[PDB]
Amino acid sequence: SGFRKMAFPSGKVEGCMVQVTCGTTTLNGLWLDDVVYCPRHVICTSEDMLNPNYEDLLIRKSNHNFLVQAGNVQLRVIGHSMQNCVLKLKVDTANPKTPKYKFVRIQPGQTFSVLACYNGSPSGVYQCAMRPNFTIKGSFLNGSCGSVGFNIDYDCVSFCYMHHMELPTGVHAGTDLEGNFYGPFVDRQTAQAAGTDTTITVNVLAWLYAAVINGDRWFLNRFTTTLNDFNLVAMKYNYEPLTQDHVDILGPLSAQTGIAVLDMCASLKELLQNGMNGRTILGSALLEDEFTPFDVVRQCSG
Amino acid sequence: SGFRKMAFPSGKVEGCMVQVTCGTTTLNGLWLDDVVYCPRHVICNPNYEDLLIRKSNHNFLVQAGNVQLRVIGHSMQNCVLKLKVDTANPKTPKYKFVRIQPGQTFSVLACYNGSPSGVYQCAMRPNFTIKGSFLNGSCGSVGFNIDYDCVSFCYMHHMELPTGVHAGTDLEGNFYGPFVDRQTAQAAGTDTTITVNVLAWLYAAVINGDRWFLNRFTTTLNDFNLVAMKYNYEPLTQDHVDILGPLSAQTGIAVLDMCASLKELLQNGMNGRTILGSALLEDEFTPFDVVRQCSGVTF
Ligand SMILES: O=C1N(c2cncc3ccccc23)CCC[C@]12CCNc1ccc(Cl)cc12
Ligand SMILES: O=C1N(c2cncc3ccccc23)CCC[C@]12CCNc1ccc(Cl)cc12
Ligand SMILES: [Cl-]
């Protein structure tokens with residue numbers, strides 16, 4: 001029993017964090033095999049950030065301009081190449097702590113763990129989700145660039161995020177490990193704003209099923225709804241449209257609890273209308289949207 | 001920016017998790033140097049000296065990854081079983097066994113079959129329970145804090161109470177709370193809110209730009225404690241006020257000034273508003289957690 005926001009054990013990722021320095025700039029890098037991955041803005045000054053020509057800035061660099069530090073050992077850079085917004089620093093030593101890994105690009109609503117790092121040293125681990133507006137509500141200070149987001153499946157670490165910037169609203173933007181940004185963001189100090197954020201509906205439903213599995217049923221009602229009527233109501237509360245894929249994905253939780261997905265949709269509709277009335281659901285006075293259907297099954301069942 | 005419930009990096013602890021099997025019971029063990037620490041109920045009105053004397057070293061199957069460790073001795077210390085093994089854990093970090101106080105927070109590496117599955121942050125409640133997330137097989141999972149390179153082990157999971165909350169011991173086998181490792185009627189006592197932690201979290205909200213709850217008012221420590229007692233909040237002591245000093249100096253809001261905000265929040269609610277994305281007053285961040293997260297201390 002109990003339902004917590006749980007991060008994956010960060011050990012496999014800690015053994016990959018290194019410090020990358022280029023001139024005055026210092027950020028984190030991910031050392032996997034003989035390559036260190038880091039945000040390409042490590043080659044920029046604060047001035048360059050407005051309209052940097054990365055290819056022009058990178059061509060002026062040599063391998064010895066990039067100082068890579070793994071613990072108290074300086075790694076030697078023997079090559080460098082840019083792939084989208086990530087700089088790939090070829091080093092002369094393969095990381096002996098390299099875990100089994102994949103680079104995966106995630107979709108909005110997906111959750112992942114973040115190992116927040118400063119100066120190549122891990123300071124904390126937390127759980128978060130790719131918001132529908134492609135930002136993450138992270139906890140990052142200056143120097144956290146290069147910190148990574150990941151999931152672990154069996155013994156394989158799936159790297160899905162690398163931190164690049166903080167937007168003016170305090171939310172965060174970054175790329176997959178192939179250097180492609182999530183959302184319409186650019187690694188430029190230009191006027192960029194997070195789009196209007198919405199609630200991840202499929203995740204709220206999964207969390208309501210987690211509440212049912214943990215014995216919380218107060219919010220259920222005798223009603224059902226059509227998928228379209230649910231979406232018309234959901235849109236009015238800034239909730240993401242629920243698709244037939246979402247309904248299909250909730251099938252296992254529906255079968256386990258005996259509550260049809262459209263039946264749970266009607267409880268959600270009522271909760272949006274009534275609020276919680278001094279009550280909580282899994283120790284929360286707000287509807288939680290950072291647990292996916294897969295996370296609920298993993299934590300409530302194993 | 002951003003304020004998340006953050007756990008310490010779990011790597012130093014992952015290298016210590018092993019599976020301990022005795023009979024039909026399988027749970028987790030903590031392998032430090034040549035000793036594996038685990039709940040003594042793995043041997044299971046129990047007489048643990050009587051049950052333990054009937055077991056030999058080879059009855060305890062210890063598995064570290066895909067390697068079976070051989071047990072060469074066993075002894076009990078309070079509610080923890082200490083299994084002497086032939087091999088010292090080469091991944092043993094610098095460590096201490098520390099007993100924490102209620103209101104203190106720690107990270108829990110939840111494990112099943114000696115394999116870590118998740119890490120979360122939590123607080124030792126004033127009623128000595130933890131609001132954790134544990135399933136069958138999670139026994140032996142540990143709670144810890146990291147200071148520089150030293151892992152301070154403060155908790156070992158032993159059981160779940162009927163209300164879904166958890167109970168366990170320090171690494172010396174002494175239970176937190178009036179609990180016993182036996183199947184008997186046990187219940188968590190009435191819980192209270194960790195006041196110093198709520199104040200620390202309110203300071204974290206101010207540091208992150210949330211100021212709506214601030215007011216021009218101040219209060220005495222006694223008037224605040226009369227209010228706090230009415231709302232099942234732990235008494236705030238002068239030590240708590242002293243501990244909040246750095247946050248008070250950083251934000252410019254005196255501790256008793258923040259108490260007047262807390263008094264108004266308790267008496268009137270949040271009024272449809274949130275603080276750090278929360279509609280409830282969060283009490284599982286200590287003043288030190290707020291400082292560490294709002295400064296980027298690394299390990
Ligand atoms: O956001 C950025 N940073 C930060 C990143 N993450 C959390 C921060 C918390 C406080 C302060 C700065 C933070 C690090 C330095 C680069 C920068 C600076 C602002 N302009 C900018 C624009 C685009 C890009 Cl890709 C990076 C940046
Ligand atoms: O609490 C216990 N368990 C559990 C521990 N943690 C999360 C559980 C989630 C669901 C079910 C059982 C769980 C594991 C097995 C031992 C046990 C069983 C009940 N009787 C009992 C009495 C004393 C002691 Cl110390 C331990 C226990
Ligand atoms: Cl995905």
Side-chain angles (χ1 to χ4, degrees), chain A residues 9-45 48 52-105 114-123 143-150 152 155-164 174-180 187, chain B residues 9 11-12 14-15 90-91 93 149 298-299:
Chain A
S10 63
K12 288 169 169 56
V13 178
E14 289 168 54
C16 302
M17 305 310 304
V18 301
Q19 181 192 75
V20 181
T21 300
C22 193
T24 171
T25 303
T26 280
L27 46 65
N28 309 284
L30 186 66
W31 183 23
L32 295 169
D33 302 307
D34 58 358
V35 178
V36 170
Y37 300 82
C38 78
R40 69 182 177 166
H41 71 75
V42 72
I43 71 184
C44 299
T45 69
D48 281 330
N53 187 298
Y54 290 96
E55 23 287 307
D56 182 60
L57 290 175
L58 190 55
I59 208 67
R60 308 173 183 268
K61 304 266 151 163
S62 68
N63 297 328
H64 63 270
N65 291 141
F66 300 105
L67 313 179
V68 174
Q69 207 178 323
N72 266 101
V73 177
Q74 198 194 297
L75 305 177
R76 191 168 71 91
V77 172
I78 60 165
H80 58 272
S81 74
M82 185 167 56
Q83 178 181 11
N84 304 309
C85 305
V86 294
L87 180 64
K88 294 192 279 199
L89 298 179
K90 197 66 159 177
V91 292
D92 212 33
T93 302
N95 187 359
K97 301 188 184 152
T98 299
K100 274 158 93 154
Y101 77 95
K102 281 171 185 186
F103 285 171
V104 176
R105 182 173 176 88
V114 173
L115 185 62
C117 305
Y118 298 90
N119 302 292
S121 284
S123 59
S144 61
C145 294
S147 290
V148 297
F150 64 99
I152 302 182
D155 52 356
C156 186
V157 181
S158 294
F159 293 107
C160 62
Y161 178 84
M162 172 166 279
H163 184 58
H164 277 66
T175 71
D176 53 29
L177 266 289
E178 296 190 337
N180 301 112
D187 51 358
Chain B
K12 288 168 167 54
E14 290 168 55
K91 301 179 176 168
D149 53 357
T298 67
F299 315 94

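The sequence lines fix the lettering, A, B, ..., with proteins before strands; numbering per chain opens at 1. Both backbone and side-chain heavy atoms feed into the values below; hydrogens, waters and symmetry mates do not.
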| field | More than 12 heavy atoms from other groups under 6.0 Å of NZ on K61(A) | value | yes
| side chain to side chain contact (heavy atoms under 4.5 Å, CB included) evaluation trace for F159(A) with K102(A) | CA-CA 6 Å; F159(A) 293 107; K102(A) 281 171 185 186; over 6 Å; no
| request: Please report the shortest heavy-atom distance between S81(A) and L58(A), naming the atom on each side. | output: C-CD2, 4.4 Å
| When the ring centroid of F103(A) is compared with that of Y37(A), is the distance short of 6.0 Å? | yes
| request: Report yes if the side chains of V68(A) and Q19(A) come closer than 4.5 Å at any heavy-atom pair, otherwise no. | output: no
| message | Are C145(A) and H41(A) packed together at the side-chain level, in the sense that at least one heavy-atom pair is separated by less than 4.5 angstrom? | response | yes
| request: Evaluate the side chain to side chain contact (heavy atoms under 4.5 Å, CB included) criterion for residues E178(A) and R105(A): first the C-alpha distance (whole Å), next the side-chain angles of each, then the deciding distance (0.1 Å), finally the verdict. | output: CA-CA 8 Å; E178(A) 296 190 337; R105(A) 182 173 176 88; over 6 Å; no
| Taking C-beta and beyond as the side chain, do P99(A) and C16(A) meet within less than 4.5 Å on heavy atoms? | yes
| Trace of the side chain to side chain contact (heavy atoms under 4.5 Å, CB included) decision for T175(A) with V86(A) | CA-CA 8 Å; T175(A) 71; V86(A) 294; 3.9 Å; yes
| Side-chain donor/acceptor of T298(B) to backbone N/O of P122(A), under 3.5 Å | no
| request: State, to 0.1 Å, how close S10(A) and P9(B) come at their nearest heavy-atom pair, and which atoms those are. | output: OG-CA, 3.3 Å
| Distance from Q69(A) atom CD to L67(A) atom CG, nearest 0.5 Å? | 8.5 Å
| message | Using modelled atom types and a 3.5 Å cut-off, is there a donor and acceptor pairing between side-chain atoms of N28(A) and backbone atoms of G120(A)? | response | yes
| field | Check: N119(A) side chain, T26(A) main-chain N or O, donor-acceptor pair, under 3.5 Å | value | no
| query | Do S144(A) side-chain atoms and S147(A) backbone N/O form a donor-acceptor pair below 3.5 Å? | reply | no
| Where the side chain of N65(A) meets the backbone of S62(A), is there a donor-acceptor pair that is under 3.5 Å apart? | yes
| remark: Of all heavy-atom pairs linking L87(A) and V42(A), the shortest is CD2-CG1, 3.7 Å
| message | Does any part of the side chain of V36(A), heavy atoms only, come nearer than 4.5 Å to the side chain of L30(A), both counted from C-beta? | response | no
| task | Taking the side chain as every heavy atom from C-beta outward, state whether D92(A) and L75(A) have any atom pair closer than 4.5 Å. | result | no
| said: Checking side-chain polar atoms at under 3.5 Å, does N84(A) have a donor or acceptor matched by the opposite partner on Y54(A)? | reply: no
| said: Are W31(A) and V91(A) packed together at the side-chain level, in the sense that at least one heavy-atom pair is separated by less than 4.5 angstrom? | reply: yes
| task | Measure from the side-chain N and O atoms of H163(A) to the backbone N and O of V114(A), and report whether any donor-acceptor pair falls under 3.5 Å. | result | no
| query | So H80(A) and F66(A), would you call those rings parallel, tilted or perpendicular, with 30° and 60° as cut-offs? | reply | tilted
| note | When rounded to the nearest 0.5 Å, the distance separating SG of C44(A) from CG of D187(A) is 7.0 Å
| request: Starting at SG of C117(A), measure out to CG of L27(A) and round the result to the nearest 0.5 Å. | output: 11.5 Å
| Backbone N/O of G179(A) and side chain of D176(A): donor-acceptor pair under 3.5 Å | yes
| Atom OG in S121(A), atom CD in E14(A): separation rounded to 0.5 Å? | 10.0 Å
| query | Got a second to check how far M82(A)'s CE is from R40(A)'s CZ, nearest 0.5 Å? | reply | 5.5 Å
| From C38(A) atom SG to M162(A) atom CE, the distance as rounded to the nearest 0.5 Å | 7.0 Å
| request: Show the numbers, then the answer: is there a side chain to side chain contact (heavy atoms under 4.5 Å, CB included) between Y101(A) and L32(A)? | output: CA-CA 9 Å; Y101(A) 77 95; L32(A) 295 169; 3.6 Å; yes
| message | Would you say that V148(A) contacts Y161(A) through its side chain, given a criterion of any heavy-atom pair below 4.5 Å between the two side chains? | response | no
| message | Quick check: closest heavy atoms across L57(A) and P52(A), and the distance to 0.1 Å? | response | CD1-CB, 4.0 Å
